[PDB]
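J.: these are from a larger complex, still in place; more later:
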Amino acid sequence: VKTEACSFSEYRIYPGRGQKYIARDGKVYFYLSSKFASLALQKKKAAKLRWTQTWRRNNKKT
Amino acid sequence: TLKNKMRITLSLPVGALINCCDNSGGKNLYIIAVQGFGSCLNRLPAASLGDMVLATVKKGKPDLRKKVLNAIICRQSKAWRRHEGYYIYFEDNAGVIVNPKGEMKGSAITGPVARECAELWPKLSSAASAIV
């Protein structure tokens, strides 16, 4: 029915906003922003990202 | 076979060096010309995924060096808008060599392949490990 989830955040994927990267490994990575894309490009792990919901969950602050 | 193809953003100028993606023994493909390309003073010949290029082999088997051969692009660095509502792009640039009658010269396409291009050219869908 309604659109899929972001997984980099809780968010629904609203169309147009997202872009898709297919890696050499055959792995797709779906980005909901340029900011997310740059983080991925610089290849920096989630466990250093104090702002993000995954970090908050990782440190059990939800 | 339908050969119809909805527009994909222009990419890969001639002189681009792209992966050969098969057990042909080619490692790279240097695209020297595009087949079907329009007339224009300004444009370099430019190719999307579904375009048939003409290439030469810069690294690869010795017979394949010098000689000109057709290819179809399978992996592409530049993003395009798929009508499903997202912009798709690949990590690398790659195509697979073929005949001027469109018969396959490869044996097995090692990387992933854009799905619209794979269903475009039957012999690539057959040979392809994964559909994008």
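T.: Received, thanks. Numbers count the residues shown, from 1 in each chain, chains lettered A, B, ... in the order given.
J.: use CA for all of it now, contacts and neighbours both
T.: Fine.
J.: let me see the ranges of the helices in the chain.
T.: Just going to use chain A. Ranges of helices within chain A are A:34-41, A:53-58, based on DSSP state H.
J.: correction: the question concerned chain B.
T.: Under the criterion DSSP H, chain B carries helices at the ranges B:115-120, B:122-127.
J.: distance to residue B:83 and mean neighbour count added to those, as JSON lines?
T.: Formatted as JSON lines, the helices of chain B follow (distance: least, C-alpha to C-alpha, whole Å; neighbours: other C-alpha atoms under 10 Å in any protein chain shown):
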{"stretch": "helix B:115-120", "distance to residue B:83": "11", "mean neighbour count": "19"}
{"stretch": "helix B:122-127", "distance to residue B:83": "21", "mean neighbour count": "18"}
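J.: those into CSV, with extra columns for distance to residue A:2?
T.: Shown next, in CSV, are these (distance: least, C-alpha to C-alpha, whole Å):
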stretch, distance to residue A:2
helix B:115-120, 24
helix B:122-127, 31
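J.: chain A: which of those is closest?
T.: helix B:115-120 (12.2 Å; C-alpha to the nearest C-alpha).
J.: check whether stretch A:15-31 comes near chain B.
T.: Yes - shown here: stretch A:15-31 in contact with chain B (C-alpha under 8 Å from any C-alpha of the partner chain) through A:15-24, A:26.
J.: how about the residue nearest the centre of chain A, what does it touch?
T.: Closest to where the C-alpha atoms of chain A average out (C-alpha atoms, centre = their mean) is residue A:8, at 2.7 Å. Residue A:8 sits next to A:31, A:54 when contact means C-alpha atoms under 8 Å, 6 or more residues apart in numbering or on different chains.
J.: likewise residue B:17?
T.: By C-alpha under 8 Å, 6+ apart, the contact list for residue B:17 reads B:28-31.
J.: can you list contacts of stretch B:41-61?
T.: Counting contacts by C-alpha under 8 Å, 6+ apart, the residues outside stretch B:41-61 that touch it are B:5, B:8-14, B:25-37, B:64-76, B:114, B:116-117, B:120.
J.: out of these, which end up buried?
T.: Using 16 or more other C-alpha atoms under 10 Å in any protein chain shown as the burial test, those include B:11-14, B:26-34, B:64, B:69-76, B:114, B:116-117, B:120 as buried.
J.: okay, now chain C:
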Amino acid sequence: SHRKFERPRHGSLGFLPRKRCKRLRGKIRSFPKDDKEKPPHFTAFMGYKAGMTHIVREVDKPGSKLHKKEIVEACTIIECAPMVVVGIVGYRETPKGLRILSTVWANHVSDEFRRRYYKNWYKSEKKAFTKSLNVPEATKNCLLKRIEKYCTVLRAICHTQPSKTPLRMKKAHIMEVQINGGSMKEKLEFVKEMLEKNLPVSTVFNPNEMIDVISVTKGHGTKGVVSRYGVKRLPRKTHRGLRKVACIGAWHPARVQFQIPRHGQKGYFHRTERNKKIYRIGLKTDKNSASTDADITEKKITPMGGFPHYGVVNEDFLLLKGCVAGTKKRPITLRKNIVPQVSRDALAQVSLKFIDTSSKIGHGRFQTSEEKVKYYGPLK
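T.: Let me put chain C in with the others:
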């Protein structure tokens, strides 16, 4: 001698002069033509461009590569306050063109109508339309009879209601609308009965219709030839400049051959965009106005944070397929096609899957403020 290699000329000769329009309001060049069998009806409407959104639509398109599968498309939103008819115009055919015989007015008019005539509404005694406050009803009837007898084209003098808008301007746009259909008498009866009422876009148009769009473009002032006409840029080596002009041309004419590209005005031009499909005609009192058969969720058309420089939608609105000429906030003129379009796409009936209401300021994901709050949770 002839050029070694051929190459099409830069820009269209047919849209010289590339100069400023003399009115903010769109100007209809020509109206829809004779159809006696059709009943009388309005041809045109002014509305304000509020912004753009995207849509998800399910596609039929027989034999297409996409075919059955769903598409995502850009769309324009035009807030449409109901226009009010205030006058009747009677035109007559002459070998010198259409000429007005007379105009007949309503029995009262708006302040907003009167504001358009006054340059200094604030510092005036507002005496317009006060001898012409009333005349005998016999005089009015005689003029109507006279117009029926002799006139062969009927237009209605209509005006915008900017008081139903957030915009700085309080002056109405006043406008002629041709009425196309049956006999002059049947038309006259139609305009008279309609007169003092307010016309929603739903009273003028049907969803799925193809529509012609009349507007002045977004400005940019005086610009160089590269920008204005798109010529190939100068070499790396030059005595002077790089956006500096090419050769003007031959010694014969011993004058500048006018077809040459030149520096000057770019944008604020009058332009007709053709055949834009109406994807939805929205309703003012609907709180579900952005929702779809797939979504079925209470949700107004207004974006998250509203439209840029316009905010909330509070009146009826037109959801139009694709691009529209001019700035956001600009009045935009809708006209019916001069001959009705006949095509697959014209005949086709739109089924939306989604209408976006996300932000258009930043990358604000959320459809609703409620969704944003729900994500974030507790606050200080």
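J.: what do you get for the contacts of residue B:17 once chain C is counted?
T.: With contact taken as C-alpha under 8 Å, 6+ apart, residue B:17 is in contact with B:28-31.
J.: still on that earlier bit, separation between the residue nearest to the centre of chain A and residue A:32?
T.: Between residue A:8 and residue A:32 the computed distance is 8 Å (C-alpha to C-alpha, to the nearest Å).
J.: circling back: between the contacts of residue B:17, which is closest to residue C:244?
T.: Comparing the contacts of residue B:17 against residue C:244 with C-alpha to C-alpha places residue B:31 closest, at 35.8 Å.
J.: quick check: bridge partners of that closest one?
T.: residue B:55 (DSSP bridges).
J.: that one contacts residue B:19, correct?
T.: No - between residue B:31 and residue B:19 there is no contact under C-alpha atoms under 8 Å: 10.7 Å.
J.: chain B against chain C: which residues are in contact?
T.: B:4-6, B:40-41, B:83-85.
J.: quick one, which of those are buried?
T.: Judged by neighbour count, with 16+ other C-alpha under 10 Å as the criterion, the buried members of the residues of chain B next to chain C are residue B:85.
J.: which of the residues of chain B next to chain C lies closest to chain A?
T.: Taking those together and measuring to chain A by C-alpha to the nearest C-alpha, the closest member is residue B:85, at 4.8 Å.
J.: got a list of what residue C:18 touches?
T.: Contacts for residue C:18 (C-alpha under 8 Å, 6+ apart) come out as C:264-267, C:269.
J.: can you tell me which of those lies closest to chain A?
T.: Distances from these to chain A were compared by C-alpha to the nearest C-alpha; the smallest belongs to residue C:267, at 28.9 Å.
J.: spatially, what comes nearest to that closest one if we skip its sequence neighbours?
T.: Taking C-alpha to C-alpha, 6 or more residues apart in numbering or on different chains as the measure, residue C:267 lies nearest to residue C:219, with 4.5 Å between them; neighbours along the chain are not counted.
J.: quick one: the one you found and residue C:328 touch, right?
T.: No - the pair formed by residue C:219 and residue C:328 falls short of the contact definition of C-alpha under 8 Å, at 12.0 Å.
J.: next, count neighbours for residue C:321.
T.: Burial measure for residue C:321: 23 neighbouring residues, criterion other C-alpha atoms under 10 Å in any protein chain shown.
J.: one more chain, RNA strand D:
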RNA sequence: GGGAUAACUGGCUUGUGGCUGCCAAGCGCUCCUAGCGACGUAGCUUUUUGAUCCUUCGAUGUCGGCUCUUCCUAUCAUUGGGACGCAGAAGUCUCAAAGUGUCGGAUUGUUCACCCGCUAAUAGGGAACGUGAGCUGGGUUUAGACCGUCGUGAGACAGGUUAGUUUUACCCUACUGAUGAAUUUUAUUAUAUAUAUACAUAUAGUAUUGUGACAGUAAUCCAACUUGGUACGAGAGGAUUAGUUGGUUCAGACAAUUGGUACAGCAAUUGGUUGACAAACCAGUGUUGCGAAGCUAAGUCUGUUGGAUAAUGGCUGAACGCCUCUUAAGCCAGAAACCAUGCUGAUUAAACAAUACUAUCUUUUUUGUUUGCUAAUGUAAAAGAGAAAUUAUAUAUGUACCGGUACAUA
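T.: RNA strand D now in position relative to the chains above:
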């Protein structure tokens, strides 16, 4: 000193070059002419090279490329056709056609040339040998230098090579945009109550709505599939035609949404400095990371159909008992051409219409108009400025009958 005299344009001519002819001996199985066409012979042109020395030497900047626009047709392709040596598929000769298109490289000082490749095809020319106050300066062609040959020599060489300043628009016009008065020797396609009326109307000032003469113009080509492995063909092969879906080029917009963009703005960080500290500052934007928003494409949307026709295919049909597309009268259908339509402009019409309100003022009568000013005069046409059937033209108008018939009348 020199246009008394070259190199540059132009000009005359057109030998030379190019293009088109006429013909009929052969070739084309067979067959003059489907296609050809000699031996011969006629024209046209100046994108050739010459011949030339009228024009300019108190200077017209001396090649080419780049860039940019327009014109031509002697059409290469796209549109419509005609012929064929034509079964189809092709293909070949040909006509109306200049609406539209005619590319990427490799090698050159290069027009030219020559490969490789795409293309749908990669036609040919003009514009002061298109285009140096548009550029460039590689080349011929200043002064330095090198090698060969020739010259006793100094030196010489359309012999080859390297190095070598490209000055000024602020004028007038042009063009592009941007403002803008003013115009009763001027206008009027009607006005007034089913009837009138130029011997007549029209102030002006603001403001809205518009009129639209006139000027400009635009959309473009290809592919795929289905028709159809059918018609057609002995087989091999193998369509016209539509239809559907796509793509190229141009154009016009637009920025939802991707990308691009930062001296809006937060964070980080290098070197120094304010005692530390938070706070901060400085280094022509110190430097990074993110970056709304506004611009923008490599992102997104949109880009008519009538009329009159051309080539042509035909019809009725004479001259000429028959025949004949008219190489007589009368006609018809017919093209990317043409004109409207559409769209853009319209202080391109010293243009105009309708509407709204207003300026002690308008209207009728009398007398006057032989410190810049403060009573005030101008007419291009008075002399009876007299005169509203109408299709006509190898016949008209009434009237009577049912656009025709009959009867009058000019």
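J.: go back to the contacts of residue A:8, now with RNA strand D?
T.: A:31, A:54.
J.: please report how far residue A:58 lies from residue A:48.
T.: If you go by C-alpha to C-alpha, the gap between residue A:58 and residue A:48 works out to 10 Å.
J.: between those two, who's got more neighbours?
T.: Looking at residue A:58 and residue A:48 with other C-alpha under 10 Å, you find the greater number of neighbours at residue A:58, namely 12 against 9.
J.: so what's the residue nearest to that one when sequence neighbours are not counted up against?
T.: Spatial nearest neighbour of residue A:58, chain neighbours left out: residue A:47 (7.5 Å); criterion: C-alpha to C-alpha, 6+ apart. Contacts were defined as C-alpha under 8 Å, 6+ apart; by that measure residue A:47 touches A:54-55, A:58.
J.: mind doing that once more with 10 Å?
T.: Going by C-alpha atoms under 10 Å, 6 or more residues apart in numbering or on different chains, residue A:47 touches A:54-56, A:58-59.
J.: list the helices and strands the helix or strand residue C:371 falls within packs on?
T.: Element membership for residue C:371 (DSSP states H and E) is helix C:369-376. Counting contacts by 3 or more C-alpha pairs under 10 Å, 6 or more residues apart in numbering or on different chains; DSSP states H and E, helix C:369-376 is packed against no other helix or strand.
J.: give me the contacts around that helix.
T.: Contacting residues not belonging to helix C:369-376 are listed as A:9-11, A:53, C:304-305, C:358, C:364-366, C:368, C:377, C:379 [C-alpha under 10 Å, 6+ apart].
J.: alpha carbons only: can I get it in CSV?
T.: Only the C-alpha atoms of helix C:369-376 are listed here, as CSV (Å, rounded to 0.1, in the frame of the first residue of the first chain):
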residue,chain,number,x,y,z
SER,C,369,3.4,18.5,11.2
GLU,C,370,1.8,15.7,13.2
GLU,C,371,4.1,13.1,11.4
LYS,C,372,7.2,15.3,12.3
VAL,C,373,6.2,15.6,16.0
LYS,C,374,5.5,11.8,16.0
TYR,C,375,9.0,11.1,14.7
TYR,C,376,10.7,13.4,17.2
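J.: wait, is residue C:93 part of a helix?
T.: No - secondary structure of residue C:93 (DSSP: H, G, I helix; E, B strand; the rest coil): strand, not part of a helix.
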